[PDB]
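Data block below; observations after.
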Amino acid sequence: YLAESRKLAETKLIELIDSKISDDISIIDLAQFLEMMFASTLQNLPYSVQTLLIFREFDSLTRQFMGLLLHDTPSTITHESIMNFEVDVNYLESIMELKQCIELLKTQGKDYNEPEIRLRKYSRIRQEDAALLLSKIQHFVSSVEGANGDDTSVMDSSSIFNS
């Protein structure tokens, strides 16, 4: 029964601290929230299963930050904003498979191969991060400072190659 409470303990703390910090430098502050919660407090005990919660929570924060960058990206992408996603997701690649969401999207993705290679060549995350790279996020990266175009090479192959 104590094992059941330990499993449910790591479970409810996993979803708790997971969705707690679920809501650049703010993700680096979330990586500093990954410092204070995981890499300082939880690192003392778990060089184990926080190593599993490097997958079960933190690559589930690359799955969760994946789908956060893959739901529908309104205006958080540009030549600086998605370059700040390199300060978020390629900074999540600072440690070994989390180079996903800043790949093939960080440079104001609004091209045919930026959308279609945001689907087929922005991998290690889910492939919903093309419509949230060049369909919402190139009418929205085109709506962002450092615009690159609301193309149908962007929006059509981003809403088509992904979906």
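Numbered by PDB author numbering, the letters in the sequence shown go through residues 659 to 681, 700 to 771, 823 to 890 in order.
Ideal placement from N, C-alpha and C gives every residue a C-beta, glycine not left out.
C-alpha gap between residue i and residue j, whole angstroms
{"i": "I864", "j": "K826", "result": "19 Å"}
{"i": "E673", "j": "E662", "result": "16 Å"}
{"i": "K833", "j": "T669", "result": "33 Å"}
{"i": "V868", "j": "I704", "result": "22 Å"}
{"i": "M713", "j": "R853", "result": "26 Å"}
{"i": "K848", "j": "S716", "result": "34 Å"}
{"i": "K665", "j": "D883", "result": "45 Å"}
{"i": "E824", "j": "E872", "result": "30 Å"}
{"i": "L745", "j": "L721", "result": "31 Å"}
{"i": "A857", "j": "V881", "result": "9 Å"}
{"i": "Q708", "j": "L671", "result": "18 Å"}
{"i": "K678", "j": "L768", "result": "18 Å"}
{"i": "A667", "j": "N875", "result": "47 Å"}
{"i": "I887", "j": "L660", "result": "50 Å"}
Cβ separation of residue i and residue j, assumed to be a contact under 8 Å, to the nearest whole Å
{"i": "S870", "j": "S757", "result": "11 Å between Cβ atoms; not a contact."}
{"i": "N766", "j": "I829", "result": "4 Å"}
{"i": "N889", "j": "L831", "result": "With a Cβ gap of about 12 Å, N889 and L831 do not count as contacting."}
{"i": "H747", "j": "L859", "result": "6 Å"}
{"i": "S680", "j": "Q740", "result": "6 Å"}
{"i": "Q719", "j": "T754", "result": "So it is not a contact: roughly 34 Å between Cβ atoms."}
{"i": "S736", "j": "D676", "result": "7 Å"}
{"i": "residue 790", "j": "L710", "result": "Since the chain is numbered 771 and then 823, with no step between, residue 790 has no place in the structure shown."}
Simplified DSSP assignment, three categories, for residue i
{"i": "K833", "result": "coil"}
{"i": "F731", "result": "helix"}
{"i": "residue 626", "result": "The structure shown does not extend to residue 626, since the chain spans only 659 to 890, so no value can be given for it."}
{"i": "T752", "result": "coil"}
{"i": "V871", "result": "coil"}
{"i": "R739", "result": "helix"}
{"i": "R851", "result": "coil"}
{"i": "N766", "result": "coil"}
{"i": "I887", "result": "coil"}
{"i": "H866", "result": "helix"}
{"i": "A858", "result": "helix"}
{"i": "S680", "result": "coil"}
{"i": "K826", "result": "coil"}
{"i": "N760", "result": "helix"}
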